[PDB]
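For the record, in the sequence shown the residue sitting at position 31 is 39 according to this note's numbering, with numbers rising by one throughout. The beta carbon of each residue, even a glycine, is placed where N, CA and C say it ideally should be.
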Amino acid sequence: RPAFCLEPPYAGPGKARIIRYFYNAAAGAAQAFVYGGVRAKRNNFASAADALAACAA
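See below:
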């Protein structure tokens, strides 16, 4: 998988309240987190499906 997939989820400093998905490598699963709308890292997806296709491929 890309190194990006090993990164902890990044809420960032934004104030929005958007559920996004990240690949949790140690868990072997895509998991929800709250994304703030600003300065996203690359382990950040619209759905569990999109996280798994990028990283559990």
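C-alpha distance - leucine 60 paired with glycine 20, whole-angstrom precision: The residue you call residue 60 lines up with position 52 of the sequence shown. The residue you call residue 20 lines up with position 12 of the sequence shown. Rounded to whole angstroms, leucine 60 to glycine 20 spans 22 Å at the Cα level.
Using a 10 Å radius around the Cβ and a threshold of 16 neighbouring Cβ atoms, would you call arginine 28 buried or exposed? Reading the sequence shown from its first residue, position 20 is the one you call residue 28. Taking all protein chains in view, the Cβ of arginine 28 is crowded by 16 or more other Cβ atoms within 10 Å, so the residue is classified as buried.
Measure how close the beta-carbons of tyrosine 31 and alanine 64 come, nearest whole angstrom, since I'm counting them as under 8 Å. As a first step, residue 31 must be located in the sequence shown, where it is residue number 23. As a first step, residue 64 must be located in the sequence shown, where it is residue number 56. Here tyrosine 31 really is in contact with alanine 64; their C-beta atoms are around 7 Å apart, less than 8 Å.
CA nearest to the CA of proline 10, picked from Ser55, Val46, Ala33 and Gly45: Start at 1 with the first residue of the sequence shown, and residue 10 comes out as number 2. The option with the nearest alpha carbon to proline 10 is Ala33.
Mind checking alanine 38: buried by the 16 CB within 10 Å criterion, or exposed? By one-based count along the sequence shown, residue 38 stands at place 30. When all chains shown are included, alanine 38 counts as buried.
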